[PDB]
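Note sheet for the following structure.
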Amino acid sequence: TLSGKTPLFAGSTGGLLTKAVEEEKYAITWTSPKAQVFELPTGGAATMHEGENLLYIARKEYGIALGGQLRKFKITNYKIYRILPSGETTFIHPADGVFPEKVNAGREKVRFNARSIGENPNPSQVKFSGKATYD
Amino acid sequence: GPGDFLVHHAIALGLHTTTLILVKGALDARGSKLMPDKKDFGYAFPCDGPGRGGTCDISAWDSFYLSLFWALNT
Amino acid sequence: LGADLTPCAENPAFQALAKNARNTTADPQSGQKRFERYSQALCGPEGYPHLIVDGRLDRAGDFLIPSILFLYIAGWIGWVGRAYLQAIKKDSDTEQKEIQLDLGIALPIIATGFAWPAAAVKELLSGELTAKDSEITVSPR
Amino acid sequence: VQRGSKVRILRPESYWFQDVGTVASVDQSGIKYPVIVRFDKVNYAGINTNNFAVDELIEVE
Amino acid sequence: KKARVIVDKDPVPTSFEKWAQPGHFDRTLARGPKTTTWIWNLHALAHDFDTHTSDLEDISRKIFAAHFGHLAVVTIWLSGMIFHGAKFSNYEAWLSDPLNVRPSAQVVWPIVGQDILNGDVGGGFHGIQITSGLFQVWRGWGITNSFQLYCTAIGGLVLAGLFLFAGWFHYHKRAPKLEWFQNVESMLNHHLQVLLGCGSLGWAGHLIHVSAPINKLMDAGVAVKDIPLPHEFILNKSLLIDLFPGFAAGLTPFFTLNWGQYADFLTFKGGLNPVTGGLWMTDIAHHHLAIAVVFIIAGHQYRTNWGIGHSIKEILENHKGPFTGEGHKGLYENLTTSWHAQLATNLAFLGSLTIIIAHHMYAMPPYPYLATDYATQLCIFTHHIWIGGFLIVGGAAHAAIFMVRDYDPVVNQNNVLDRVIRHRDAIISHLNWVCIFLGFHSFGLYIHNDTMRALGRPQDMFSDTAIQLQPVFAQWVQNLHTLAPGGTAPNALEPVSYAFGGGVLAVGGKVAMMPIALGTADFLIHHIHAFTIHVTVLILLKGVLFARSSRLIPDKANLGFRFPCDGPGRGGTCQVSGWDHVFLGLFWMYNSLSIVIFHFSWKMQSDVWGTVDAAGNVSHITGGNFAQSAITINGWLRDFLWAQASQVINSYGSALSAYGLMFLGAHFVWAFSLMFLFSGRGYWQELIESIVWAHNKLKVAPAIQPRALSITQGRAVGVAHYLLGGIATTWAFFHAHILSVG
Amino acid sequence: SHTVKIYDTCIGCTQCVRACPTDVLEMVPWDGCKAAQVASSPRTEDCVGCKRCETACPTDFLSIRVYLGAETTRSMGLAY
Amino acid sequence: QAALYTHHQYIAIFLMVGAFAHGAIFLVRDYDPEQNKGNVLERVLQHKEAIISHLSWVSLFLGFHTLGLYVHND
Amino acid sequence: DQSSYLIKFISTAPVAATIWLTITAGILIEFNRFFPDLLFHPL
Ligand code: CLA
Ligand code: CLA
Ligand code: CLA
Ligand code: CLA
Ligand code: CLA
Ligand SMILES: CC1=C(C/C=C(\C)CCC[C@H](C)CCC[C@H](C)CCCC(C)C)C(=O)c2ccccc2C1=O
Ligand code: SF4
Ligand code: SF4
Ligand code: SF4
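Residue numbers (the deposited numbering), protein chains in the order written: chain A, 4 to 138; chain B, 520 to 593; chain C, 24 to 164; chain D, 2 to 62; chain E, 11 to 752; chain F, 2 to 81; chain G, 372 to 445; chain H, 6 to 48.
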């Protein structure tokens with residue numbers, strides 16, 4: 004499903020280790036208007052192609068970091084995918100196609116506490132219970 | 520004599536400063552201005568990150584750690 | 024008082040030290056003048072002046088007089104310092120007046136710092152020395 | 002409390018807890034912390050403003 | 011394009027306004043202080059000109075003006091040293107009796123009993139004995155009276171004035187444009203040919219016309235008053251002919267290539283003058299002449315305005331091979347657009363040069379009556395090693411600052427810099443390994459030896475009398491250098507240094523220099539040096555190579571050069587910044603150089619320095635205990651630190667008492683540093699909260715809110731006091747010891 | 002994994018979301034503040050515990066908190 | 372005699388640091404403000420700034436003058 | 006005015022401190038020069 008040619012000068016010792024084969028791997032795709040030089044997540048000046056680029060990355064933070072650099076190149080169409088050893092590619096960023104800093108209807112509040120941080124219980128109150136003070 | 524005077528006053532300094540570190544550690548264990556919700560993070564934790572000017576050695580445990588240097592010095 | 028203390032003018036160890044007394048300053052009699060002054064102190068066995076700090080009036084020069092003179096100068100410095108801080112807080116650019124002294128404000132305060140004990144008592148007995156505990160920032164308990 | 006009113010903070014986790022701040026504005030809506038209070042001294046993050054609920058404030062002026 | 015003078019006129023109006031506006035230079039600081047962090051930031055950012063303005067031209071002008079400022083303070087210092095020589099010294103007494111009189115150029119005022127520090131230094135003079143070697147410098151210069159020093163001091167104050175004016179003028183009045191600054195080819199030409207070449211030719215002039223004659227007469231035992239003034243050797247040729255017959259020939263032999271006619275005042279003697287134990291002035295003369303010619307030739311390499319010459323960009327671009335892709339392409343842009351890239355280079359290589367100078371100056375003492383002044387020898391070696399080590403770490407810092415701030419991917423794609431970034435894991439992993447290998451097979455041998463000696467098994471030790479580790483290569487090189495005169499250096503009489511071999515040379519009763527034999531203790535300590543240098547490089551290289559990113563923090567370049575961490579996440583990211591690698595490299599630089607100066611101190615005192623019997627038997631200062639003692643840590647603790655610290659600890663009630671006080675003071679400052687290094691900001695901010703509460707309670711709470719030092723400042727203050735305390739301790743130790751035994 | 006809780010003192014400035022180097026956080030509709038949006042932490046399995054979000058948060062005290070919990074490969078920031 | 376005095380003084384120092392460590396662990400994990408409403412422990416926590424500030428003073432006061440006199444003498 | 010700017014610079018924390026502590030040091034050094042070795046107030 005992941006289309007895009009690997010950028011030129013993409014090679015370095017900072018690339019994928021055995022984790023990429025055994026645990027999980029990430030990909031970041033983006034469409035460039037023009038072939039241009041960009042710093043790789045783990046060092047080395049790579050060259051983007053005009054059109055679809057595919058870069059495999061060890062960590063999602065590499066994708067978000069590179070994403071931030073692509074924004075400085077006026078590129079906001081970058082998609083990060085998590086890839087499992089079974090070849091189960093999962094589109095993970097942006098989750099719902101809209102960037103998380105922009106508000107999108109349909110998203111529900113997760114881990115919201117309807118109180119000020121000062122109104123948390125004391126650790127003594129939740130002692131020998133399953134719950135924590137921030138629950 | 521005078522030698523015993525100066526060193527007893529060094530020992531006093533030692534006892535007060537070890538106490539200062541430990542009492543401050545104890546009485547700020549639940550929270551402070553820098554970390555008001557410190558009780559939520561427990562006794563030992565590394566820090567609360569470099570925000571708010573930096574919070575290295577902010578936990579109650581980190582007062583124990585600092586105090587033992589002074590305990591040994593004393 | 025105790026621990027083999029004698030008057031320095033009676034201690035043989037003192038006289039032995041006085042005969043080979045080093046000149047502190049350019050004055051070539053400064054070495055002898057020192058031991059002439061220290062003769063009135065109490066000396067230990069080795070012939071060094073030991074100071075008695077128990078509030079004995081015959082040893083008032085040892086600690087009691089230095090104490091009064093220090094507390095008067097230290098209290099001056101503290102009062103003048105406090106006075107200036109309170110003076111600049113009534114202005115607009117208070118933080119700038121901390122790192123860049125308003126000598127117009129500071130020098131009069133410094134001049135009138137001689138009368139700090141009167142000012143300290145007056146301000147203690149007016150409830151103008153301290154702030155209320157309820158009006159001072161504190162940590163969550 | 003309204004615009005210009007000096008207020009003391011009652012929020013115990015506030016940097017300015019029991020410190021006086023000036024009310025910059027009060028948001029006329031149903032929001033939980035409508036009163037924007039400015040302060041002379043900055044907190045550890047270096048900000049000098051924060052939103053408070055009316056119950057967390059005591060008008061002093 | 012053509013190198014030319016192009017300046018803006020009146021770019022910055024001169025006014026005291028901004029002097030009354032602390033932090034004017036930074037937009038953030040300009041708003042003013044709110045917390046005490048502002049006061050630190052002011053000083054921290056003061057000379058960080060890249061953060062003042064974005065404009066490279068404005069930065070270049072600030073840097074050029076600041077340099078005139080630093081030249082002015084260095085000239086004030088050098089003028090002060092010479093003035094203190096002219097007014098408050100026993101220089102003239104020391105000239106009359108170099109071997110007996112002790113150099114002193116600092117007199118203390120009689121106050122609170124500190125006049126004790128004015129010890130009997132000889133020449134009916136009371137002052138602090140100086141270890142800076144100024145007297146040996148001035149004797150080498152051919153200065154023979156206080157008036158010549160006064161003239162030189164005043165001349166210096168005028169030059170310092172000129173340097174101040176220059177800095178004001180070249181910033182406020184006529185500031186060069188960026189075009190001017192980026193003429194690297196013209197700058198290299200002028201700095202090679204004029205600064206170094208003409209400076210060396212000029213100095214050859216002074217040596218040949220003034221120093222060599224005056225020193226030759228002083229070595230012939232002629233009284234200082236009886237020696238003619240330096241201008242009398244020019245005005246009266248007959249006097250100069252009598253010392254150097256070659257001057258009879260005049261200047262025609264120079265122009266007709268009959269250079270052998272100058273063989274008497276331009277020599278290749280080698281070794282040392284037996285009278286003074288310093289290098290021959292005639293050798294030094296020929297050196298500076300030869301240097302001058304090579305420099306004046308060298309500085310015609312780079313193309314300026316006449317087509318002839320190399321462009322450095324074309325040289326760099328052409329040097330590429332099958333391992334290095336584009337090779338040195340793009341490095342010209344790095345070094346001509348980044349001041350940090352130039353400062354990195356210049357600090358790294360000036361630092362490396364200063365350490366070479368340290369070595370070359372002890373082994374080949376260039377000044378008269380330096381070799382036998384064991385206090386001066388130890389102190390100038392140690393001094394220049396320290397300066398060297400700090401400059402090298404500065405090189406690494408500014409290399410990392412370049413990588414974070416000024417590195418461009420576009421300029422540096424598939425070049426040597428780009429390709430090192432791409433195998434940085436392979437570089438650091440291998441350097442990590444060689445550090446552990448050297449650590450085990452250098453330090454572990456000391457631990458082996460300590461344990462064997464402790465277990466009563468000296469036969470099982472790594473020693474000359476047990477399992478030998480002879481440095482055969484260094485031994486072989488010493489031999490080659492000893493056989494050089496007559497062989498592979500036919501026109502040399504003696505070796506370059508008696509350290510390599512030849513005889514013991516002695517001046518007065520004392521050894522100037524003798525062969526420095528290398529054995530197991532010398533093999534072990536050399537592999538300790540290799541270890542401690544490789545670990546410092548590991549830290550600093552890791553700092554530069556991982557400054558921009560790592561497998562842990564991909565966007566480290568965005569966090570900047572100097573940030574404390576990226577929080578307790580990822581297990582904890584404390585000290586990942588390039589700044590924090592410099593911080594850690596300083597401790598290792600300190601550890602490394604400490605063992606270098608300790609090595610030098612003990613080896614020289616045990617195996618080189620000492621008295622010489624009429625028969626010719628050498629009695630060394632510590633009686634050759636290095637071979638058997640310096641092979642265990644216990645031996646270093648006992649026979650070096652414990653043994654030689656006796657002078658500094660027993661110095662109270664004497665002229666050396668100050669070193670005893672400095673020794674304790676420095677031990678204190680060092681220990682104080684551990685408060686900053688072992689603790690964290692969080693604790694101190696919470697303590698300040700309670701102290702601020704009490705000041706609030708009595709209405710003395712400052713408007714500028716007190717803050718605990720930044721995480722980075724905590725570390726900066728830590729390492730500052732640690733280095734100050736540690737280095738100052740050794741300084742007090744070395745002085746008190748060597749001013750007693752040496 | 003680490004736990005990231007948002008508190009009702011949130012003003013919906015979006016600075017925590019922008020700061021986050023592993024897209025843990027996102028803005029969701031809310032009626033509680035004027036900005037009419039609140040921070041949420043749907044993807045805390047991707048949280049490394051850097052606390053950049055807390056450094057970003059302009060409220061006193063913070064409206065976002067990271068409680069460092071069970072360390073995993075993702076939370077330890079391991080590429081191996 | 373030297374061994375036995377040093378031994379027990381070192382143990383005493385560890386026990387004393389532990390006392391304060393576990394006192395801080397109590398405050399952060401076990402202490403219920405509601406159950407200790409109005410008692411001596413709540414009051415100590417109410418003026419903890421006053422306790423810590425006066426400990427800071429005694430430490431500084433001892434430290435400055437004791438190091439002072441030693442350095443004067445030295 | 007350039008006088009006003011100098012006075013502001015002189016009154017700046019580090020310059021003001023330097024002048025004041027130099028005067029304080031000067032007073033202490035000179036008192037000890039003319040009245041050395043005062044371990045206590047004589048009676
Ligand atoms: C006007 C200035 C002033 C005054 C009246 C006080 C008063 C006090 N201080 Mg504070 N303090 C000050 C400045 C001042 N301080 C400064 C500048 C610092 C930073 C070093 C501190 C750091 C400090 C600490 C760490 C502690 C105190 C404590 C205290 C209290 C106990 C006495 C003491 O320990 O002295 C301590 C004295 C010093 C640390 C040195 C003071 C430095 C100079 C001499 C003072 C500044 C003078 C100023 C420049 C004058 C300008 C005046 C001019 C403009 C007219 C007492 C309320 C203690 C406390 O909380 O007790 C309950 C305590 O632990 N102070
Ligand atoms: C020619 C040499 C040279 C030059 C021109 C520079 C220039 C610069 N350095 Mg570099 N640096 C150098 C050598 C040099 N450095 C060396 C040798 C080292 C190794 C220590 C470094 C390590 C270094 C670091 C780690 C950093 C810099 C930074 C900088 C920049 C800001 C400096 C500043 O604002 O200081 C302001 C001055 C101070 C804060 C005061 C310093 C006082 C020191 C710590 C102690 C002095 C003690 C003294 C020796 C003994 C007296 C003690 C007595 C007073 C008690 C500036 C571009 C900073 C930067 O960000 O670059 C962009 C930065 O973070 N430098
Ligand atoms: C004595 C104090 C001390 C010691 C022993 C160490 C040791 C080490 N440091 Mg550390 N360091 C120190 C102080 C010390 N440091 C301080 C104060 C700082 C703060 C500045 C640092 C900061 C620091 C940095 C920044 C770095 C180091 C690194 C290293 C390692 C270098 C590699 C090496 O030589 O391995 C060989 C091991 C030794 C020399 C230790 C002794 C080995 C013994 C003699 C042999 C083993 C005996 C036996 C088998 C023991 C086990 C048996 C037993 C269980 C029965 C080494 C483990 C570097 C590193 O990791 O690179 C490889 C590195 O980059 N250190
Ligand atoms: C008197 C009885 C006593 C008891 C019953 C406890 C019980 C407890 N303590 Mg407390 N404590 C005590 C005394 C006691 N402590 C003392 C005297 C101190 C001062 C040091 C402390 C300081 C302290 C701290 C700071 C902490 C505790 C904690 C705890 C709890 C967990 C301990 C644990 O799991 O660590 C497991 C054990 C270790 C990690 C032991 C390793 C350390 C040893 C000393 C290493 C020695 C080095 C080596 C073996 C020597 C080599 C020799 C050489 C020649 C080669 C547990 C409830 C922890 C807690 O969270 O409380 C709820 C906690 O953080 N204690
Ligand atoms: C020699 C080592 C050393 C020294 C001198 C200090 C000193 C201090 N520690 Mg620190 N500490 C140390 C090691 C040291 N520590 C270590 C290894 C640790 C483990 C991390 C700590 C952890 C620690 C903690 C956790 C605490 C302390 C505290 C203190 C202060 C106690 C107050 C006091 O009694 O003294 C009075 C002050 C001094 C003795 C300071 C020196 C005075 C100097 C010499 C005067 C300087 C004036 C002179 C003119 C300046 C010349 C310099 C020039 C460049 C201008 C004191 C400042 C406590 C504190 O702050 O209490 C208020 C505190 O809570 N320390
Ligand atoms: C002791 C210590 C502190 C406390 C030290 C502080 C806050 C430094 C303050 C000392 C200076 C000297 C205060 C100067 C105040 C005034 C300028 C003095 C005015 C009076 C003079 C004119 C005489 C930290 O903040 C810290 C932070 C991070 C890691 C470790 C540590 C650390 O170890
Ligand atoms: S440097 Fe300090 S604040 Fe940063 S992660 Fe480490 S302990 Fe925490
Ligand atoms: S701690 Fe770091 S990774 Fe986790 S939510 Fe906050 S910013 Fe994102
Ligand atoms: S949690 Fe803080 S930073 Fe994030 S949106 Fe809310 S107020 Fe802004």
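Even for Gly, the Cβ is constructed at its ideal location relative to N, Cα and C.
Taking residue 56 of chain A as part of the beta strand (DSSP E), name the residues at either end of that continuous run. Run containing residue 56 of chain A: 54 to 60, per the beta strand (DSSP E) assignment.
Apply the 10 Å Cβ neighbour rule to residue 120 of chain E and answer buried if 16 or more other Cβ atoms are within range, or exposed otherwise. Buried.
Starting from the N-terminal side, write out each stretch of the alpha helix (DSSP H) that is 4 residues or longer and does not extend beyond the region 19 to 65 of chain F. Positions of the alpha helix (DSSP H) runs, each at least 4 residues long and wholly inside the region 19 to 65 of chain F, are given as 53 to 57 in order along the chain.
Should residue 300 of chain E and residue 202 of chain E be called a contact, given that it needs their Cβ atoms to be closer than 8 Å? Cβ atoms of residue 300 of chain E and residue 202 of chain E: not closer than 8 Å.
Could you have a look at residue 646 of chain E and say whether DSSP puts it in helix, strand or coil? Here residue 646 of chain E sits in helix by DSSP.
Contact test: residue 605 of chain E Cβ vs ligand 3 heavy atom, cutoff 7 Å: Residue 605 of chain E Cβ: outside cutoff for every heavy atom of ligand 3.
Mind reading off the beta-carbon distance from residue 571 of chain E to residue 658 of chain E? Whole number of angstroms is fine, and I expect it under 8 Å. Rounded, the Cβ-Cβ distance is 40 Å, inconsistent with contact.
With DSSP as the reference, label residue 11 of chain A as helix, strand or coil. DSSP places residue 11 of chain A in strand when its eight states are reduced to three.
Contact under 8 Å by Cβ, residue 382 of chain E with residue 522 of chain E: For residue 382 of chain E and residue 522 of chain E, yes; Cβs fall inside 8 Å.
Check whether the Cβ of residue 693 of chain E lies closer than 8 Å to any Cβ atom in chain B. Chain B contact via Cβ: present.
Name, please, each residue of chain A whose Cβ falls closer than 8 Å to the Cβ of residue 419 of chain E. Residues of chain A with a Cβ closer than 8 Å to the Cβ of residue 419 of chain E are, in chain order, 40, 41, 42 and 48.
Got a list of residues with beta-carbon closer than 5 Å to any non-hydrogen atom of ligand 6, in chain order? Sorted by position in the chain, E:685, E:686, E:689, E:691, E:694, E:718, E:719, E:724 and H:22 make up the residues whose C-beta lies under 5 Å from a heavy atom of ligand 6.
Taking only beta-carbon atoms, is residue 423 of chain G less than 8 Å away from chain E? Interface residue, yes.
Proximity to residue 67 of chain C [Cα-Cα], best of C:113, C:24 and C:143: Looking at the Cα atoms, C:24 is the closest of the given residues.
Taking residue 180 of chain E as the reference, which of E:357, E:24 and E:452 has the closest Cα? The candidate whose alpha carbon is nearest that of residue 180 of chain E is E:24.
If we cut at 8 Å on Cβ distances, does residue 70 of chain A have a partner in chain D? Closer than 8 Å: no.
CB contact check: residue 568 of chain B to chain E, cutoff 8 Å: Proximity of residue 568 of chain B to chain E, defined by a Cβ-Cβ separation below 8 Å, is satisfied.
Starting from residue 229 of chain E and walking both ways along the alpha helix (DSSP H), at which residues does that stretch end? Segment 222 to 229, the alpha helix (DSSP H) holding residue 229 of chain E.
I want to see whether chain G comes within less than 8 Å of residue 125 of chain A, judged by CB atoms only; does it? For residue 125 of chain A, the answer is yes, since a Cβ of chain G falls inside 8 Å of its Cβ.
Could you tell me whether any Cβ in chain B is nearer than 8 Å to the Cβ of residue 67 of chain C? Look at residue 67 of chain C: its C-beta is under 8 Å from a C-beta on chain B.
Which term fits residue 76 of chain C, buried or exposed, when burial requires 16 or more other beta carbons within 10 angstroms of its beta carbon? Result: exposed.
Using a beta-carbon distance below 8 Å, is residue 521 of chain B in contact with chain C? Answer yes: the Cβ-Cβ gap between residue 521 of chain B and chain C drops below 8 Å somewhere.
Does the count of Cβ pairs from the region 691 to 701 of chain E and the region 546 to 559 of chain B closer than 8 Å reach three? The region 691 to 701 of chain E, when compared against the region 546 to 559 of chain B, does touch it at the 8 Å Cβ threshold.
Would you say residue 403 of chain G faces chain E, with C-beta separation under 8 Å as the test? Output row for residue 403 of chain G: interface = no.
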